[PDB]
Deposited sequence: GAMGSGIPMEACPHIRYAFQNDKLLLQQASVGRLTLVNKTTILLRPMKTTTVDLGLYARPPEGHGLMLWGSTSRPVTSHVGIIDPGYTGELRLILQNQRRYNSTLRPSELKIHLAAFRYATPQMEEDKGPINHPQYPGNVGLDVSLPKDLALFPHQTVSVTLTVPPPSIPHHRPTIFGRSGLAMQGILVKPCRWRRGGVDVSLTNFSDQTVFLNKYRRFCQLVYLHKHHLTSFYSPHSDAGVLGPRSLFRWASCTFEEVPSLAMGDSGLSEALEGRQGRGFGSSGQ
């Protein structure tokens, strides 16, 4: 893996380290999460993945907060943001050091082809039926028609940022042979009506090397869960201050 070029400037976050292909930031200040609303963290972070790679952005905390897992497209030169949701019906705070923010790369592949719909990592997946997502509840839907097989890669499902901003998170998961149950959780106070054919998540083909059952400083259960640990590419971070905007 060639360098991940990056820039970082934000006095409210600490760069903890950039090690074995993962950069980790921590919050220096208290972050307040209102209930029933999105909290976004403007990271002051910019990054460009080497050829053949995308970037994965995720948050980790033991507090009752759920973060969107962000798929970062290779041509994206804007600022990175972390999108957070409050699990509780009261204010939740992340005191300094309670939030870790991780960025790391991965190889991905793209099929040439609803239900599965310019350089983006993920292909949009459409809703097979209308769903009403009531406030503070989860709704699940099954995708059974298998996506194209790509040698040495594994299909996986992630959310998109647009729905995350409206309080709707997708739990990322592997799309195995036999089908996948996709769970959408509404962290808002508003019932959201998603209609048939609406894009609701994205299919991403990770190189098989990026899923492992082994725990180490090279993998993390925070992305797709504890069965399918995410093992990022072993790239080097290279600071390029000019990238900051």
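Gaps between the deposited sequence and the modelled coordinates occur at 1-11, 125-128, 133-136, 265-286, listed in sequence order.
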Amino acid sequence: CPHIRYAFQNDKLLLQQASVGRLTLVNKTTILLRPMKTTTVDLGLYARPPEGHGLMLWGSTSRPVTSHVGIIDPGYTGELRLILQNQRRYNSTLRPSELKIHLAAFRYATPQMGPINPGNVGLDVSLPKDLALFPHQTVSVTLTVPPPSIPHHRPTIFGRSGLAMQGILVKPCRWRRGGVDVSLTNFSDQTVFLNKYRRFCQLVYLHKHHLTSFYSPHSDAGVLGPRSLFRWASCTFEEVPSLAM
From here on, numbers count along this sequence of modelled residues.
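17-25 and 220-228 differ in mean CA B-factor, and the higher of the two is recorded for 220-228.
Between 178-186 and 37-45, it is 178-186 that carries the larger average Cα temperature factor according to the deposited entry.
Per the PDB record, 197 has a higher Cα B-factor than any other of 58, 215, 205, 197. Remark: of 171, 81, 136, 129, 129 shows the highest value [criterion: C-alpha B-factor in the PDB entry]. The deposited CA B-factor of residue 62 belongs to the middle third of values across its chain. Looking at the C-alpha B-factors along this chain, the one for residue 110 belongs to the middle third.
When the CA B factors of the chain's modelled residues are split into thirds, the value for residue 94 lands in the middle one.
When the modelled residues of the chain are ordered by their C-alpha B factor, residue 72 lands in the lowest third. Annotation for residue 142: C-alpha temperature factor in the highest third relative to the rest of the modelled chain, per the entry.
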